[PDB]
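Values quoted throughout were computed directly from the atomic coordinates according to the rules given, and no laboratory measurement underlies them. When we count neighbours, we look across all protein chains shown, and the Cβ atoms used for this are built from the backbone with ideal geometry, even at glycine.
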Amino acid sequence: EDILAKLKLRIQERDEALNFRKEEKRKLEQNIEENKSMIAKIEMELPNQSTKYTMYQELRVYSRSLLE
Amino acid sequence: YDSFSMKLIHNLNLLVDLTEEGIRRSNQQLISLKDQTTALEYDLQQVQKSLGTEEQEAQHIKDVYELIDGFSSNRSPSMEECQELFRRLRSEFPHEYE
C-alpha cells in the first residue's frame, strides 16, 4: 500500500526511460531510413554523374582537338 | 615585386576538374555513409536488445501492481483469491516477495 506507492514511483521512473528509448528507437530507425534514401539518391545519380563525366571526357578531347 | 604586383580554355579546364571533384566528394560521402549506416544498424540492435529486456520487466511490474490494486478494490476477497495470490506472488516473484 505504501509498497504500492513505492511501486507507482518505480513505474514513473520506468515510464520515462521507456518513452525515451522508444522515441530513440524511432529516431535511430528514421536516421537509418534517411541515410538509405540518401544512399539511393547518390547511387542512382552515380551512372548519371558517370555519364556526364564520360561525355565531359569526350567533350574535353574533342573541343581541344577542334580548336587545335 | 612592383611588376608582379601590377601583374575560353580556362572554362574548359576548370569545368572538368569541377565535375570530377563533384563525383569524388559524392563517392567518398557514399562510402562513409554506408559504413555509418551499418554502424547505426548495429547500434539499433543494441538498443532493441536493451529496451527489449526492459519491456519484459515492465510487464512484470504491471502484473503485481494491477493484481494487488484489484485486490485492494473495495470487495471482500474470497479465501481462494488470497491463497492463489500468495501462491502466485511467492512462486513467480520470490525475490520481490521477500
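Per-residue answers, yes or no, for (1) in contact with a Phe, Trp or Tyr (Cβ under 9 Å, 6 or more places away or on another chain); (2) β-branched (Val, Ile, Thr):
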site	(1), (2)
B:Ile31	no, yes
B:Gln59	no, no
B:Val64	yes, yes
B:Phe71	no, no
B:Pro94	no, no
B:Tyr97	yes, no
task = Only helices (runs of 4 or more DSSP H) wholly contained in the range B:7-98 count here; list those with 2 or more residues that are within 28 Å of the chain's Cα centre (by Cα).
result = B:9-72
message = Just to be sure I understand, how many residues within the range A:23-57 are exposed (fewer than 14 other Cβ atoms within 10 Å of the Cβ) and aromatic (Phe, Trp, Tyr)?
response = 0
ask   = Taking the range A:26-68, which residues are out of contact with any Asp or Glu (no Cβ under 9 Å at 6 or more places or on another chain) and β-branched (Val, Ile, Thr)?
value = A:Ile39, A:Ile42, A:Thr51, A:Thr54, A:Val61
key: One residue from A:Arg64, A:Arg14, A:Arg60 being within 29 Å of B:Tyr97 (Cα to Cα), surrounded by 10 or more Cβ atoms within 10 Å (Cβ to Cβ) and touching a helix residue (DSSP H, G or I) at 6+ places or on another chain (Cβ under 9 Å)   = A:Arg14
ask   = Which of (1) at the interface with chain A (Cβ under 7 Å from one of its Cβ atoms); (2) within 30 Å of A:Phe20 (Cα to Cα); (3) hydroxyl-bearing (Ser, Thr, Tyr) is the odd one out, the single condition B:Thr38 does not satisfy?
value = (1)
message = Kindly evaluate B:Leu51 against the criterion of being out of contact with any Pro (no Cβ under 7 Å at 6 or more places or on another chain), within 8 Å of chain A (Cβ to nearest Cβ) and not polar (S, T, N, Q).
response = yes
